[PDB]
């Protein structure tokens, strides 16, 4: 049966509209599992061509939601192209989401000593990147590349592949150049709206849903979420990002549930899709060799017991770095791998239990995502 949908892009493709409609329905029946770099990075994969994942090697199915970033789209594409892997994911009925770790438009010519010129260069660059600002052409080059990529992102029948495009995330912190010490709330909203407008109207992107994702609030109120919210005319997906402690984390898990509940209630009221766009044990704790072998079980149990938080469409965990990160090298991964270390520490069992849970949805559990009839 056709359902009526209201997207940021009133001219979005039918598959894009179908994706939205699919999540609207599915979200009250399951929570999909997402994973950054699902088929491009893994501790146990032997090909990064889009056909394998650590998730698959752990549980026998791929994540339903495949996360990537503009680090694979905008020059210099440090994370490498992903067109082929996105296409493989879409062909298996997966859902694609792309975040945006854009370089700093004010300082990107100064790259050399990390983090200068990157997302992590905290030099405020919002004011100088909006129209009238000296660095607006630099930001526009990024957006041009995102648009060209989207506009050519086609399946074997020549139809555009939908993508959930997540702009200027984690913006209630100040580690990025678009953060809260770097912009007034209005300036942040203008940056987000300008960017969406540029992609949709100036460049003609028709295969994006737009997500907004601040960090978790410890004072969980609608007013706090709304402070930097770009507005219902500009967002399709209401998310948030949260990273917690590996130990003594009950209060943190409660906060996860509270934030998920808030976005779920807001989403119902506003005609949006609520999600947890990033969640995980904080990287430093994993990098120190620490583990919580009940983490996934805690996550699913807490979320699905809550009548609001359970209504999220998906949650996504971060990348499984194949050789970790510079420490020597230290671990930096979120999906427990099918390997002796995760067998022995109990994390594999934890994840396998999460997979077995009736309420989680992996790629074979989602069907008919893109062929649902819709009205506007």
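Residue numbers count along the first chain shown, from 1.
Please classify the coordinate gap between residue 327 and residue 328 in terms of deposited residues: none, 1 to 3, 4 to 9, or 10 or more.
Count of unmodelled residues in between: 1 to 3.
Looking at the deposited entry, does 35-43 or 344-352 carry the larger mean Cα B-factor?
Higher mean C-alpha B-factor in the PDB entry: 344-352.
Quick one: say whether 90-98 or 154-162 has the higher mean Cα B-factor in the deposited entry.
If you average the C-alpha B-factors of 90-98 and of 154-162, the larger mean comes out for 154-162.
Identify, among 144, 232, 197, 285, the residue whose C-alpha carries the highest B-factor in the deposited PDB entry.
In this record, 285 carries the highest C-alpha B-factor of the candidates.
Peak C-alpha temperature factor (PDB record), options 58, 313, 65, 317:
The C-alpha B-factor peaks, among 58, 313, 65, 317, at 58.
Ranked C-alpha temperature factor of residue 254 among modelled chain residues, by third:
According to the entry, residue 254 has a C-alpha B-factor in the chain's highest third.
In terms of the chain's CA B-factor thirds, is residue 338 lowest, middle or highest?
Its C-alpha B-factor, which the entry lists for residue 338, ranks in the highest third among residues of this chain.
Split the chain's modelled residues into thirds by Cα B-factor; is residue 28 in the lowest, middle or highest one?
Middle third.
Quick one: classify residue 77 as lowest, middle or highest third of the chain based on its Cα B-factor.
Its C-alpha B-factor belongs to the lowest third of this chain's values.
Just say lowest, middle or highest third for the CA B-factor of residue 132 relative to the other modelled residues in its chain.
Tercile = middle for this residue's CA B-factor.
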